[PDB]
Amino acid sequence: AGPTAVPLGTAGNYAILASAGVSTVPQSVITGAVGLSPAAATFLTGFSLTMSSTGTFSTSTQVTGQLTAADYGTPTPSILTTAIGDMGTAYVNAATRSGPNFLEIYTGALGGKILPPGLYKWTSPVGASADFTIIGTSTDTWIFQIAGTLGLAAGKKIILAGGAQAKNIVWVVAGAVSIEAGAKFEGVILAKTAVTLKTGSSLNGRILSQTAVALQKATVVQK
């Protein structure tokens, strides 16, 4: 049940892919690669980076995986350009799916709700001030199209039930995404604009932003 999968292309090689910057307030934890393009590596802030001897990637104690930026050595710039283009195609694939199953459901207030598989569209801000549950099997899919901001309140969690898995959940969000302190987020975020995770928050999925990503003492695990 649910919509056809969203193709990520080579954007599916990253835990975090951004265009304008990736910042951390240490200590954050990222499991998976971090890519940044077309911004230069100066816009990776807070990672205390060490360049590979190759000059094509860098490492941080905060990241399990490689970091890459647009001014690193060949072929990193070209690999990232392809990834950024794939992210752009993924955003448009998800954002332009037609015929939502659910339109303006709950006027965007998701706390306490149970969300079965489907294509959802909101033309408003969306948020949750309480936990909410995404329920379906391990093969079901969800696409959440959000024209406004997306917010998850402090301490609140997106709970997967039934077998639902993070790689089959896509949030395609035009406005800024805020994940408050101690919150737990699930799914792939295709963000047109910025994304922030606050202290002690976590995300299982990916953060694919066309602007900047801020990680304040936060955890991101690729799914």
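The first residue of the shown sequence is 1; numbering continues from there.
Averaged over CA atoms, B-factors in the entry run higher in 49 to 57 than in the other of 49 to 57 and 191 to 199. Stretch comparison (96 to 104 versus 126 to 134) by mean CA B-factor in the PDB entry places 96 to 104 on top. Per the deposited coordinates, the residue with the largest Cα temperature factor out of 204, 209, 10, 24 is 10. For the set 141, 149, 145, 78, the PDB entry assigns the largest Cα B-factor to 78. Split the chain's modelled residues into thirds by C-alpha temperature factor. Residue 35 is in the lowest one. In this PDB entry, the Cα temperature factor of residue 220 sits in the bottom third of its chain's modelled residues, the lowest group.
Annotation for residue 177: CA B-factor lies in the lowest third of the chain's modelled residues. In the PDB entry, a CA B factor belonging to the middle third of its chain's modelled residues is recorded for residue 154. Ranked by C-alpha B-factor against the other modelled residues of its chain, residue 170 falls in the lowest third.
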